[PDB]
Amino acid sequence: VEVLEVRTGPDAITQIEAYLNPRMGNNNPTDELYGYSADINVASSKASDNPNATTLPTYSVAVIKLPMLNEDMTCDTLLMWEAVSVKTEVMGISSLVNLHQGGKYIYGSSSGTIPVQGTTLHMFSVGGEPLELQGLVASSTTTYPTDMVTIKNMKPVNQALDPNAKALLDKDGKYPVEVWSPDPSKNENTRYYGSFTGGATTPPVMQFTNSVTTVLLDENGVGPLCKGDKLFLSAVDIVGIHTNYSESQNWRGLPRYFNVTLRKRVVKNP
């Protein structure tokens, strides 16, 4: 894909918006606990660790279809959509400002309940193809649900970097975050941005505004280029753990809004 100049003129710009609902484990909108995982089922040992699919947060992904650009496909150059900038926001942050939800008391039974807190993971990506993933787990002896996309035939090497443990973020709510992360050795045509704070009871911290833009251009001034006129939006927004009265625990996720500006870019015809 030899990249040429930006196409100028009227209607060289377009703009899309989308939202991605979280995939915390309860991933059906009819689910009573939609937006949460089911009760974390903990390993009994190193050898015996079979997390339920409903307990494992996965990446969200959506494909946005863009307007057709080329008529004559036999020419020397073609146009592709180039993602230039994005405004993105985690929605419903203030829903966490809630001390009455059933759960564990902060102090005794006269007090409010512990709000969602603990480990957080926030990531968004904008690309002209699927986000390229690298596999790495806390334990290679974990048995993952066969309906999810995880690493095939793990060995202890998979607790670190195994260069064969690669995948594409090409299915919504299927790739667990505890197995997959963005592959920095690839992703030339995607931009991804991530933030992790761990711990079991850590206070979550989030900002929200409509005044902030991220520019997506690389050091050659080129944004993600949308193969087949498709734009890939990916996210995970784990905002912590909700603790229940029995002390069972559910992951809590929040949806993410994207507003992307794209322009026309000239490329050599492959």
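The first residue of the sequence shown is number 1, and the count goes up from there.
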* Asked: If we scan the other compared entries, does residue 71 go without coordinates in at least a third?
  -> yes
* Entry-level comparison of average CA B-factors, 20 to 28 and 7 to 15, reporting the higher stretch -> 7 to 15
* Structure fact -> Of 71 to 79 vs 104 to 112, the stretch with the larger average CA B-factor in the entry is 71 to 79
* By the entry's C-alpha temperature factors, tell me which of 233, 56, 47, 236 sits highest. => 47
* Asked: Sorting the chain's CA B-factors, does residue 248 end up in the lowest, middle or highest third?
  -> middle
* To do: Name the third of the chain's ranked CA B-factors that contains residue 172, choosing lowest, middle or highest.
  => middle
* Asked: Within this chain, which third does the Cα B-factor at residue 128 fall in: lowest, middle or highest?
  -> middle
* Structure fact -> residue 191: CA B-factor among chain residues, third -> lowest
* To do: Tell me, lowest, middle or highest third: where does the Cα B factor of residue 178 rank within its chain?
  => lowest
